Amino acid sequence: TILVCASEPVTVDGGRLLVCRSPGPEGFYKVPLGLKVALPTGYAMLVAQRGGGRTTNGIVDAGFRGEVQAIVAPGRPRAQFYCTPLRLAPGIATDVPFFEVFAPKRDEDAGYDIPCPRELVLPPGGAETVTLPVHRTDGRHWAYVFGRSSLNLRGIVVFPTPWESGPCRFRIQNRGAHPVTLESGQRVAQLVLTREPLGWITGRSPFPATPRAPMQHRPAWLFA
């Protein structure tokens, strides 16, 4: 059971929260969704757009008690936003010890921060493929590289990328106005482990919309 305090109308739709708001065409900036959630430990929540491509995928963790915001890129002025709770997995097997690559987190936190393995100078519009020296050794849960809120707000956009085979890889693109430098060791993304796959997440696009289909392990929402 997820607790939901809401200052504005919220639609519950196929297991996920749906909010209709009309941000401006500018970006990148934070679009308040009119609700707060209290996720139980072991849950996180994906925030993304319903049927459009101007929103960074966000991750709300179980310790977050502020208003939920969508962070959007420059785009068409109206938007619908989905929130999908994610049942977290404990870990995944890796050939290298897991915490020699990813940073330790709290049980309350959703994801494991990913330090940049090398300096990166992204000119405006520039993209780079970031690759980590670690492999998965089986397929018991799922794992996903997502951006970090701080970077998404700067228009430095990690492409939400699945990780089931090969090395941990993700694309990062600077949609900002100025060139950006990511220092080696800087926390540039996060790794989320899930009990159930996020089938739509492909790694090929900056702004993957969450599809309208309902989910399989739907939790309960309490509107208080």
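The numbering used is simple: start at 1 and walk along the sequence shown.
Student: Quick check on the record: does 128 to 136 or 67 to 75 carry the larger mean Cα temperature factor?
Tutor: If you average the C-alpha B-factors of 67 to 75 and of 128 to 136, the larger mean comes out for 128 to 136.
Student: For the stretches 181 to 189 and 29 to 37, which has the higher mean C-alpha B-factor as given in the deposited record?
Tutor: The entry gives the higher C-alpha B-factor average to 181 to 189.
Student: If I read the C-alpha B-factors straight from the PDB entry, which of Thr11, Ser205, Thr210, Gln216 is highest?
Tutor: By C-alpha B-factor in the record, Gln216 ranks first.
Student: Just to confirm, going by the entry's C-alpha B-factors, which of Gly58, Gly166, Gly155, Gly53 comes out highest?
Tutor: Of the candidates given, the C-alpha B-factor peaks at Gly166.
Student: Lowest, middle or highest third: where is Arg87 by Cα B-factor in its chain?
Tutor: CA B-factor rank for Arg87: middle third.
Student: Relative to the other modelled residues of the same chain, rank the CA B-factor of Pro97 and answer lowest, middle or highest third.
Tutor: CA B-factor rank for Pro97: middle third.
Student: Consider only the C-alpha atoms of the modelled residues in this chain, order them by B-factor as the entry records it, and name the third containing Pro115: lowest, middle or highest.
Tutor: Middle third of the chain for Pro115's C-alpha B-factor.
Student: Going by what the PDB entry lists, where does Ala224 fall on CA B-factor within its chain: lowest, middle or highest third?
Tutor: Its C-alpha B-factor belongs to the highest third of this chain's values.
Student: Using the temperature factors of the C-alpha atoms in this entry, rank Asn174 within its chain: lowest, middle or highest third.
Tutor: Its C-alpha B-factor, which the entry lists for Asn174, ranks in the lowest third among residues of this chain.
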